[PDB]
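Provided below as structure tokens are two forms of one protein chain, presented individually as structure 1 and structure 2.
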Structure 1
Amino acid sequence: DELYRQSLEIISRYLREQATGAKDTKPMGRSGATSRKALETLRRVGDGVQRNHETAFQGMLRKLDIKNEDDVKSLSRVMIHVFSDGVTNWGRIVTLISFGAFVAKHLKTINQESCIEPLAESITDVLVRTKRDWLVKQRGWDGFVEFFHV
């Protein structure tokens, strides 16, 4: 599925870039022009959310204590249910991705870099399994870039 593949492309690249401090220069797939604009957006908005909500993110990180792939697996099963409840908006979706980047930075600190790709997959699974129809209706990643346009 195309939407899953493009979402994972953006989400995995943003989480790994936040954790390592280096950009991925490997080519993107079809819709690469949109994925580059989505990453430019996440570098502005996602970095901003992590800074402005640092104390809440630290509290959530400390309580969840994600330190391995099994932790990511267990948490993704419950978060598919939690993320399905309540209103859907681009603010909620960028906060999920921003929290993923916050966790990815912590995983690099505890020498668990190998857990960033499964984390990006679970973030993508949570997002696409619960919001597929909303994402499609809101013009997908083009809609995301348009909503946060400066």
Structure 2
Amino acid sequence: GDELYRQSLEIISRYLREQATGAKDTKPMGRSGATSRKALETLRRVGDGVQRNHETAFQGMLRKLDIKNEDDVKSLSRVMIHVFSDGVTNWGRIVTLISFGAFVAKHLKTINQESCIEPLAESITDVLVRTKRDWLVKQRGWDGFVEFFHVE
């Protein structure tokens, strides 16, 4: 994964953590911090929108997932792939994946399984980067992500 993986994990982890706790993290970004911060801002905008519009579906999937513990979270990867790996690859679906990740994170905060949020992010990142790698590189990665949702 290297740089694309590191950057993906940092963005997804910060977004899920921020979404769960309502507090902004204060530590500096590794490399290309400018792009990670821009991607995070983009994610707050479009991701909060997708969580608002897909509330019914997100609730249904979360209920279906019956997440109660570290094992339940550790078990999600094949379900993520089950939905995500079928169909067309586009930024909207990637956003659906991450923003739903945030939704689950908020739910883990509710049941005091916040420790589970970091592996969840690690799991989402692994799913995204491993399965959609060539598509992401082709799209210029997170820079492409930002440019796709740039509101001029």
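Just so we're on the same page, rigid core means the largest C-alpha set that superposes within 1.5 Å between forms. Structure 1's sequence is the ruler for residue numbers, which start at 1.
Enquirer: Which listed residue (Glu121, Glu69, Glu113, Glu40) has a Cα shift of at least 2 Å between the two structures, rigid core superposed?
Expert: Comparing the C-alpha positions, the one residue that moves 2 Å or more is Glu69.
Enquirer: For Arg51, decide whether the Cα shift between the two structures is 2 Å or greater, given a superposition on the rigid core.
Expert: It does not reach a 2 Å shift.
Enquirer: Examine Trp90 after superposing the rigid core and state whether its CA is displaced by 2 Å or more between the two structures.
Expert: Shift of 2 Å or more: no.
Enquirer: Return yes or no for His81: a CA shift of at least 2 Å between the two structures, with the rigid core superposed?
Expert: Result for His81: yes, a 2 Å-plus shift.
Enquirer: If the rigid core is lined up, how many Å does the C-alpha atom of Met60 shift between the two structures?
Expert: Its C-alpha shift, to one decimal, is 0.4 Å.
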